[PDB]
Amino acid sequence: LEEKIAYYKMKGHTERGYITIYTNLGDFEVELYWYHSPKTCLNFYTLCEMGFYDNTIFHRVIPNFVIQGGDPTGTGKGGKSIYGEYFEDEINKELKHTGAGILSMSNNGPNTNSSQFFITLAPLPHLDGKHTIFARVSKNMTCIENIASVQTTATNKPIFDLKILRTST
């Protein structure tokens, strides 16, 4: 299974390159950066496939910053990885938070990745080097914009639930 990591590092782009995410606000497609972030992609892809993100919410939405998700509890405190509890960052000089639509791991400081991630809504150079960029929205950014338009509470939670219904490969 670190063999599985080393394999999809190479073959990921052509054998399992895209995931479609269906939300109650529409569907979008992400492109996984297997070569640069192979451990992070294997986790995300595996979690998607086994239905781990099914019926989970975007528990924060902050316009001009990020949509944040991937917590089965919906609180912002939970999440797990296919590797057990937490796993290392994969920081790559070649990947930076340069525009909207980038998927990056949310975390609690260095090497505390589990299943929470952001989708960026603007350039965020201040995150470069602290969060693992591993994919980007490759189809239908409108859906991301619709999600960012929904009203939120003072702690940035959407006033009604915004959720991943399921994932497709």
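Counting begins at 1, following the sequence as shown.
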So which stretch wins on mean C-alpha B-factor, 93 to 101 or 77 to 85?
-> 77 to 85
At the C-alpha atoms, which of 57, 119, 133, 48 reaches the highest B-factor in this entry?
-> 48
Within-chain third of residue 139 by Cα B-factor, per the entry | highest
Residue 162 CA temperature factor, ranked by third within the chain | middle
Going by the entry, which third of its chain does the Cα temperature factor of residue 63 land in?
-> lowest
